[PDB]
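# What the coordinates show
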4 protein chains.
Amino acid sequence: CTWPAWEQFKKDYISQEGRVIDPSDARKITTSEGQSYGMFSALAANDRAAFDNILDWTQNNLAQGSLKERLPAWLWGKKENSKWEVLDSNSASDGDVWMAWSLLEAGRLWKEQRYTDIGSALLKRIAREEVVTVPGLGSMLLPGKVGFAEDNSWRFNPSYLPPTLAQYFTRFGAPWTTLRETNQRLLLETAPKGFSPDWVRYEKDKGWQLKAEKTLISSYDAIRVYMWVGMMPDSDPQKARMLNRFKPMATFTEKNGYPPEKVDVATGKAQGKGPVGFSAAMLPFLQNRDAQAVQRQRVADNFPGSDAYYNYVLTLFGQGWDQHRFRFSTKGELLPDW
Amino acid sequence: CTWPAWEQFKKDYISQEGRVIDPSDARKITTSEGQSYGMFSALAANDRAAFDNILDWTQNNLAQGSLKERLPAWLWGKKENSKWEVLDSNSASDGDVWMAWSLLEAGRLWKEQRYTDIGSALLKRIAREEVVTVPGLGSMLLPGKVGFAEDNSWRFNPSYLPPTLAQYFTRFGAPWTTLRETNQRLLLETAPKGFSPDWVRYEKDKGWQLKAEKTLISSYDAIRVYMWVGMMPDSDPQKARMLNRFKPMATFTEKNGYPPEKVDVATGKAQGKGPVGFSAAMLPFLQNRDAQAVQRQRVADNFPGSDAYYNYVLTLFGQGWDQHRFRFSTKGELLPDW
Amino acid sequence: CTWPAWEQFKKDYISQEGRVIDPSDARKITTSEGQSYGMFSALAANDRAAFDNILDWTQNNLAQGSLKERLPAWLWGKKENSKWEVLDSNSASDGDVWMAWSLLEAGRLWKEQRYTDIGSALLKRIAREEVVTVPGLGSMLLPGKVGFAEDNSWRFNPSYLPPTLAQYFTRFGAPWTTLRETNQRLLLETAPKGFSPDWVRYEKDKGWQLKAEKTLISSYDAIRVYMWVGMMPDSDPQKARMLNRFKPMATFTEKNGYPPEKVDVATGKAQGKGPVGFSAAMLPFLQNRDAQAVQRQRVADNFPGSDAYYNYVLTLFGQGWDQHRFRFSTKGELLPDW
Amino acid sequence: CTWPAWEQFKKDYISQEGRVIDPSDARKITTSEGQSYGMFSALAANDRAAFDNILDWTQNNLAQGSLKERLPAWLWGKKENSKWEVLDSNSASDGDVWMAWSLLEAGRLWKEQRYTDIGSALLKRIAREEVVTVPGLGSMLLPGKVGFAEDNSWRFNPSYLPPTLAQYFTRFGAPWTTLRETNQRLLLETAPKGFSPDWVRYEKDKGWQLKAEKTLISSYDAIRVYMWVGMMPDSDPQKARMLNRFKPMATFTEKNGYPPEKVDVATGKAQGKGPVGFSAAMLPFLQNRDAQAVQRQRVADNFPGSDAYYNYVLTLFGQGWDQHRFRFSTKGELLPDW
């Protein structure tokens, strides 16, 4: 009645106070992303004590005491003066939405109104402070409260809103109704060679900027897109569209035995061999039983240790799904394996 | 470039002299089955030193110095006088055929004529000492050189000849050409309720004896049948028929979350919960992704230790194919993952 | 060149930010004693990065940013309102003096003026705020800055000032010179049956209060007294007198094979078997070659895990001394084993 | 109620059948010494199941079925033809005497007449087949049944007969009475520079051959002599004489922090650093409380793994004595710690 990979992640990456630590940065940082991934994993494992401790740390240290009052700062860690505090008070909306979803599903599944209330206040603040109306698209999720919107252009991160989370949020009405449809546009229209970009810009009156560009590559952010798509229920119509769109990533992984590290989104030119977390991300995405067992072998023989936050969380998501640690319903709800 | 489950099995179950030890028996036995499984696993791991050591011990201690001269004795262990020697000189043909196949495929893949010579001499002797012509069937593989054939009846063990091995042996002509077809008959015609029996008798003029009987149950022997069927390539025409015949075993494991320990073959009534090795045996057999993931979780969280020979060898087979440790071609050859 | 027991203590008990955590208290506390023991052990291990991290945390969280400005609060942990802060701002002078000694010896051995400046300021403040003149004795070290000196009743803790630390501090003049002498009086005059008390009172015009009393027992605080005596160099003239005074503790441990949990100081009656850390504390204190080995075997076979802060630090001191992890010179300096 | 180092030694070095395996040798050998050390350790550990298993293997495979009928072959392992059998049927008298003592003390302590009968038969055969009268000495223990006694040049090994065993055997009368004395002569008269030789010759008239020679060095055999001396009871008159004779070995180890690998017995010149087993052999021998703890640290931090039979059995003897796993009485009996 435990999730062993989650138990090891707690022992190596989560402090006694409840903060998720990326040991590879010299400042030993916590991100709102890491906190939200801890909350998700604790929910899926039915680990309410860990959920509460992580939530407490998040509220006290990223949100000045309350997620009902402000979106969490995305970056926390050690300053030069030996003090540990917020390093960047801007938000990161992938952290924000995973937090809000985890809180709402914890409130529903553990029958705790407090979680529902916090997750509701959080989601409404996401809608009012990070969602904006983009001419030519409609409502769109910005990657953060500031820095991604100009007068005539906007920058988006396809990995930030999993289609299952978007489906779930539609129950709360606008703007999530529209976001479920504009998120599908973001995923399907920005992969001209079958690879989703880490980052992509949209300009008023012109559309997506898909000419070759430094951050228009499929690497560490975008590897999650394929994973989120793999996690969709087979009865979701968008799933087949999305799997067909990204088929060249699956094809590459099948032919070479590994996912690439970086893919030029405009040319489809691949470089490097992705780390173990990328192979974990391929487990829900790949549909052939044999190609899946190649990635399943690579994850099992190179399982991340304590020096690799991002490989470990990618493995929690991808290998966890591979072992039925959680599922998503047709309404985007958690179907727990408790 | 190692198979970790296999390396652990070597360290906990195989002596320095190359004998595979079942620790649960007070006589600390070795079987021809265990030796053949060790040879198979060593070939699949590309572990030629282990293979040579285990073959040496087999020839010296089970075959009085040569598998070319006699089928291996099936049971070796400690006698009451403190001496360690053969306990039963009869053969077990599942060990015999796995030995023969492993020797032939090692000769081919490692380009070593000695292995081919021993394997061919072994297979020829199997054909001449344990295969007999049964009125109503044709050539049939007996479970053992003696004790399974009377004047008008015979007793068979469906688990002994995996279809991929039978397909491989056809290349050597008769009787293996016929045995490939009569093995299918043995598997398909003795499972009236969708469950294969550990043991089943055939009487001249009467046919299969499928009335309820103590050993006409699907338990520790017959669990391998499903696994062997799961390991057939999809391009094998027999595989669809066999999967369909045994669908009630899959259906039970999907609905309940575990394979059963014992199923009455005449009624289909099932009892108990099978050990972890049975869940491993289900991994190649189950076609549903979710049911396959449930069994995968059970194998991962209850992986066999040093006190469970049979669960471990079933996990080597079942979890090893789940992780692409070996594949069988359409002609029954080893497609190695080296 | 590492100290494995210390490496394991860091991984199980010291937070990334440098706080030493006692997991057995539900508030997950840090004490000034824990911080000072971590500083000592990092110095002994030649672990300067750990030393700096622990020092930073101590200054920021126990000393409002600076050990030059105040003695550290002795108790920090989780409050009922979910925040983490000082729980009791009173000092504990055992942590204070271990911290000062460690800083001064770090300054000397690592040639860092900053450690010397902090240690000197801390030691001078200990003199000003915790040392008082007691009629009949002279200068005396109080267990803390408030609560231990009343109308005519002072309360002292014999385990607080190890004779080697007192020797080291004499280099700074008064009150440490005379203190070295009053500490000997405290140790030698309050053990009428050969056992040192956890706590003992001195009353004006009456003297030591040595009538049986709840806290006049040799238990969890006092076990350190024997250890500190065992750690004195054989060339310290006080050593032989103390070993003779405390001989009944050694005789008990030798005759019974374990140290007692609780001894009535007034009568010598012992109750219970001390935990593993008590056996580690006996290692420097014993002088036969047969009793020591018995205690060594108990520590080796019952080595503390992750749920046992006090057993673990007692083991770092006593087993670390038993493996030559540090020595004390005749002047109380660290003779490091780097 | 287990001896953890012995439990691990069984798991890594002792086969299921009960043979002690040296893994460094390509023939994976068992020696009579290894079997005797396994028997001793199992007795010390009160592991009667291991003792019986090891004794069974010893009798069946080194003594053609019975230690009552012949001394054990000293060397057993794999031949080039792949079979496993006796490699040298000559004896090694160190294994012989440890096996005899262990059987006699198992018979006495476990009240089992069978062990006494076998041990007595073995000891009387040792006297008949390996003990000879040497002009100028008297009865002497040869290192083996054949090859160590010629025209007038006998060869002896000072490490073979521990003084505690010689004391124990005196209870059986001649030749063990005088032997006890000539063994003292051998140890005290062949170390002119304070170091005992691995091997030393004696010639009629000319006496001990103590001029420098390739085998007249203190190395892997002779390291045991110091350890056996250290294991004598303090009330044995011979112990102080032997400790004084061998003072230079203790002085070297104290001054340098490690025992040497090889010492010229004629000059006292030392070379190299002895492996961890030599440090363990110094634990009973070294008499300071602070020297006995540098070596203790070296054993703790470099504890032998699975690839180091000799270091491991030296550690079982030396660290086991250091932890009170066994003691010897003034009559050479086992004082068990059970």
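Here the numbering of residues is sequential along each chain, from 1 in written sequence order, and it may depart from the entry's numbering. Residues without coordinates do not appear. Chain A is the first chain written and ligand 1 is the first ligand written, with later ones labelled in order. Hydrogens and water are ignored here; the side-chain numbers use all heavy atoms of the structure.

The name recorded for chain A in the PDB entry is Endoglucanase, from Escherichia coli. Per the header of the deposited record, the title is "Tetrameric cryo-EM structure of E. coli BcsZ". UniProt positions are given in the numbering used here, feature names are shortened, and annotations may be inferred rather than shown by experiment. Recorded in UniProt for chain A, the comment headed Function runs: "Hydrolyzes carboxymethylcellulose." Under the UniProt heading Subcellular location, the entry covering chain A gives this text: "Secreted".

## Observations concerning the overall build of chain A
When helices and strands are tallied, chain A shows 13 helices and 13 strands. Note that the radius of gyration is over C-alpha atoms, with the globule rule given as 2.2 Å times the number of residues to the power 0.38. Since a compact globule built from 338 residues should have a radius of gyration of about 20 Å, the 19 Å found for chain A is in line with a globular shape. When each of the 338 residues of chain A is scored for burial, the buried share is 62%. Contacts are assigned to residue pairs with any non-hydrogen atoms lying within 4.5 Å of each other. Sequence separation of 24 or more characterises 63% of the internal contacts of chain A that already satisfy a separation of 6 or more. The accessible surface values rely on the Shrake-Rupley method and a 1.4 Å probe; as for residues, cover is taken only from the protein chains in view. Per element, the accessible surface of chain A, about 12,700 Å² overall, is 47% carbon and sulfur. As used throughout, the charge tally considers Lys and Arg to be positive and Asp and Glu to be negative, leaving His and the chain termini uncounted. To locate a charge, the coordinates of NZ of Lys, CZ of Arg, CG of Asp or CD of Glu are taken. Taking the average location of the 43 positive side-chain charges in chain A and that of its 40 negative ones, the two points are 3 Å from each other. Helix and strand definitions follow DSSP, with helices as H or I runs of at least four residues and strands as E runs of at least two, each counted in order from the N terminus. Throughout, exposure labels follow a simple rule: accessible area from a 1.4 Å probe, protein chains only, divided by the maximum for the residue type, with under 20% read as buried, over 50% as exposed, and the rest as partly exposed.

## Focus: the pairing of strand β3 (residues 84-88) of chain D
Residue and element names in this part refer to chain D. We treat two strands as partners when DSSP finds at least two bridges between them. Summarising the sheet, strand β2 (residues 75-78) and β3 pair through 4 bridges and their orientation is antiparallel. Bridging across to β3, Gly77 finds its partner in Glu85. Connecting β2 to the next strand, β3, in antiparallel fashion are 5 residues, including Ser82 with a positive phi near 80 degrees.

## Points about helix α11 (residues 276-285) of chain A
Counting buried positions over the 10 residues of α11 of chain A gives 10, a clear majority of the element. Every buried residue of α11 of chain A is accounted for by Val276, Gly277, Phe278, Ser279, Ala280, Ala281, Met282, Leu283, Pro284 and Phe285 of chain A.

## Quick notes on the relation of the copies chain D and chain B
Their C-alpha atoms serve as the basis on which the copies are superposed by least squares. The transform that puts chain D on chain B rotates by 180 degrees and translates by 0.2 Å along the axis, for an RMSD of 0.2 Å. Both copies of the chain, as the preceding transformation shows, are related through a two-fold rotation axis. Closest approach to the rotation axis within chain D is made by the C-alpha atom of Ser15 of chain D, at a distance of 3.4 Å. In this assembly, 93% of the residues forming the interface of chain D have copies in chain B that are likewise at the interface, indicating an isologous arrangement.

## Re the sheet that holds β2 of chain D
Residues and elements named next belong to chain D. Across the sheet, which stays open at both edges, the 3 strands sit in the order β1-β2-β3 with antiparallel pairing between neighbours. Each having just a single partner strand, β1 (30-31) and β3 make up the two edges of the open sheet. Running over the sheet, helix α3 (residues 48-62) touches β1, β2 and β3 and is turned about 85 degrees from β2. Axis lines are fitted to C-alpha atoms, over the contacting stretch for helices. Their N-to-C directions set the angle, which ranges from 0 to 180 degrees.

## Let's talk about the interface of chain B and chain A
Taken residue by residue, the interface counts 19 residues in chain B and 19 residues in chain A. Two parts placed together each lose some accessible area under a 1.4 Å probe, and adding up what both lose gives the buried area. Summed over both sides, the interface between chain B and chain A buries roughly 1,500 Å², with carbon and sulfur atoms accounting for 39% of that surface. The residue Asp301 of chain A makes a salt bridge to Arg325 of chain B at a minimum N-O spacing of 3.4 Å. For this analysis, a polar contact is any N or O atom pair within 3.5 Å, provided that within protein one partner can donate a hydrogen and the other can accept it, and provided that sequence-adjacent residues contribute only side-chain to side-chain pairs. Between chain B and chain A we count 15 residue pairs in polar contact in total. Residue assignment for the side of chain B that touches chain A shows that the elements contributing at least two residues are α12 (289-301) and α13 (309-322) of chain B. In terms of residue count, the dominant contributor to the side of chain B that touches chain A is α12 of chain B (9 residues). Criterion for a salt bridge: a side-chain nitrogen of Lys or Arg within 4 Å of a carboxyl oxygen of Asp or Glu.

## Remarks on the interface of chain D and chain B
In this complex, chain D contributes 14 residues to the contact, which on the side of chain B involves 13 residues. Summing both sides of the interface, chain D and chain B together bury roughly 1,200 Å²; the carbon and sulfur share of this comes to 39%. For chain D, the biggest contributors to the area lost against chain B are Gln16, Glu17 and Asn60 of chain D; these three give 42% of the whole. Across the contact surface, chain D and chain B share 2 salt bridges. Between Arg19 of chain B and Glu17 of chain D there is a salt bridge; the shortest N-O distance is 2.8 Å. On the surface where chain D and chain B come into contact, there are 7 residue pairs in polar contact. Classes in brief: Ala, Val, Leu, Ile, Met, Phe, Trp, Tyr, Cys and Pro nonpolar; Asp, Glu, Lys and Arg charged; the others, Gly included, polar. Tallied by class, residues from the side of chain D that touches chain B come to 4 nonpolar, 4 polar and 6 charged.

## Side note on the packing of helix α7 (residues 176-189) of chain B against helix α9 (residues 238-245) of chain B
Residues and elements named next belong to chain B. It is the contact of α7 with α9, at a shortest axis distance of 10 Å, that shows an interaxial angle of 15 degrees. Here α7 is positioned roughly parallel relative to α9, judged by the angle of their axes. Seen along the crossing, α7 lies across α9 with a hand that is left-handed. Contacts between α7 and α9 involve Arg180, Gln184, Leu187 and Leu188 on the former and, on the latter, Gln238, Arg241, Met242 and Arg245. Counted by class, the contact of α7 with α9 contains 3 nonpolar, 2 polar and 3 charged residues. Should an angle fall under 35 degrees it is called roughly parallel, over 145 degrees roughly antiparallel, and 65 to 115 degrees roughly perpendicular, with every other angle called oblique. By convention, the crossing between two helices is left-handed when the near helix turns anticlockwise from the far helix through less than a right angle, and right-handed when the turn is clockwise.

## Topic: the arrangement of the chains
Ranking by contact count across 4 pairs of chains in contact places chains A and B at the top. A gap remains between chain B and chain C, which never touch, and the nearest two C-alpha atoms on either side lie 23 Å apart. Nothing in chain A touches chain D; the tightest C-alpha to C-alpha distance between them is still 24 Å.

## Some thoughts on the UniProt feature "active site" in chain A
All names here are of chain A. The sites that carry the UniProt feature "active site" are, in the present numbering, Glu33 and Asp94. A maximum C-alpha distance of 6.6 Å places the annotated residues, which cover 62 residues in sequence, within one compact spot. As for its placement among the helices and strands, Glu33 is situated in helix α2 (residues 32-45). Looking at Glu33, the relative accessible area reads 15%, which means it is buried. Every residue in contact with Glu33, bar those within four places of it in the chain, is listed here: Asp94, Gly95, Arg224, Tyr309 and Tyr310. With sequence-adjacent residues up to four places away left out, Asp94 is seen in contact with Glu33, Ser36, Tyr37, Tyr160 and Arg224.

## Section: the nonpolar core
Each nonpolar core is a collection of buried residues, namely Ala, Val, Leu, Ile, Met, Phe, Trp, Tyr and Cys, held together in the definition by side-chain atoms within 4.5 Å. Counting 95 residues, the largest nonpolar core has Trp6, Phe9, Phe51, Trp101, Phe156, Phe169 and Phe326 of chain D as its most contacted members. Look past the residues within four positions of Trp101 of chain D in its chain and what remains in contact with it is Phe40, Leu43, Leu165, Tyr168, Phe169, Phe328, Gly332, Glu333 and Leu334 of chain D. If you look at the next biggest cluster of nonpolar residues, it comprises 94 residues, including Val97, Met232, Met242 and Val265 of chain C.

## Regarding α12 of chain B
Working rule for helices: expected span equals 1.5 Å times residues minus one. Spanning 13 residues, α12 of chain B covers 18 Å between terminal C-alpha atoms, matching the ideal 18 Å at 1.5 Å per step. The complete set of buried residues in α12 of chain B reads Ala291, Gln292, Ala293, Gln295, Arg296, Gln297 and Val299 of chain B. Summarising the contacts, the buried residues of α12 of chain B are in contact with α12 (289-301), α13 (309-322) and β12 (326-328) of chain A together with α10 (247-256), α11 (276-285) and α13 of chain B. N-cap assignment for α12 of chain B: the residue whose side-chain oxygen lies 3.1 Å from the backbone N of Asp290 of chain B is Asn288 of chain B.

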